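Here the Cβ positions follow ideal geometry from the backbone for every residue, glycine too, while neighbour counts run over all protein chains shown. Readers should treat all values here as calculations from the given coordinates under stated rules, not as data from a laboratory.
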Amino acid sequence: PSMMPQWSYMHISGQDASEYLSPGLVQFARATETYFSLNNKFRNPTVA
Amino acid sequence: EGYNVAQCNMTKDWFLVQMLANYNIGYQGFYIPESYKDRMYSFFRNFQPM
């Protein structure tokens, strides 16, 4: 389970959540934001 | 037997219903609703258990 610098694998750094999901899932999430949350399940890393 | 909440006499079910219908909260665990979405004649503001 260590075929890459593990930081990307654990989302310490790399691309944001809205760009590593099956886009259907993102459509589903943005389509039901109000009455059922999902936006606090995956972290988008930040890099200085 | 098993149907009080917040050390009051109220049932869990009624509490859940009121929380939902007042703020769409409860399915994701309760917590104090934010200020602006809770005005003077709200529900949670005037909930005194004794």
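Mind listing the phi-derived Karplus ³J(HN,Hα) values for region A:37-45, rounded to whole Hz, using 6.51, -1.76 and 1.60 with θ = phi - 60°, and x for any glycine or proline?
Going residue by residue, I get 6, 9, 5, 10, 10, 9, 9, 8, x Hz, with x marking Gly and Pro.
For Cα pairs less than 8 Å apart in space and 6+ apart in sequence, what is the mean separation divided by the residue count of region A:9-48, i.e. the relative contact order in percent?
63
Could you pull the Rg and Dmax for chain B, using just the Cα atoms, both in Å?
For chain B, the Cα-based Rg and Dmax read 11.3, 37 Å.
Calculate for chain A the 222 nm mean residue ellipticity that helices alone would give, adding -39,500 (n - 2.57) per DSSP H run of length 4 or more and normalising by residue count, nearest 500 deg cm²/dmol.
For chain A, the value works out to -6500 deg cm²/dmol.
Hey, got the dipole for the protein assembly as shown? About the Cα centre, +1 on K and R Cβ, -1 on D and E Cβ, debye to the nearest 20?
Magnitude of the dipole: close to 120 debye.
Hey, what's the Kirkwood Rh for the protein assembly as shown if you take every pair of different alpha carbons, in angstrom?
17.4
Would you please name the chymotrypsin sites (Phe, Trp or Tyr not before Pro) within chain B that are DSSP coil residues with at most 15 other C-beta atoms within 10 Å of their C-beta?
When the chymotrypsin sites (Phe, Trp or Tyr not before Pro) of chain B are filtered for loop state and at most 15 Cβ neighbours within 10 Å, B:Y3, B:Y27, B:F30, B:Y31, B:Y36, B:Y41, B:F43, B:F47 remain.
What angle, in degrees between 0 and 90 and rounded to the nearest 10, separates the Cα long axis of helix B:12-23 from the longest principal axis of the Cα atoms of chain B?
Between helix and principal axis, roughly 10 degrees.
Using the Cα centre of chain B as origin and beta-carbon charges of +1 (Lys, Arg) and -1 (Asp, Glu), tell me which of B:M50, B:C8, B:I32 is placed farthest towards the positive end of the dipole.
Result: B:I32.
Across 5 Å bins from the origin, how do the percents of Cα pairs in chain A run, short distances first?
P(r) for chain A, in whole percents per bin: 5, 18, 24, 22, 15, 11, 5, 1.
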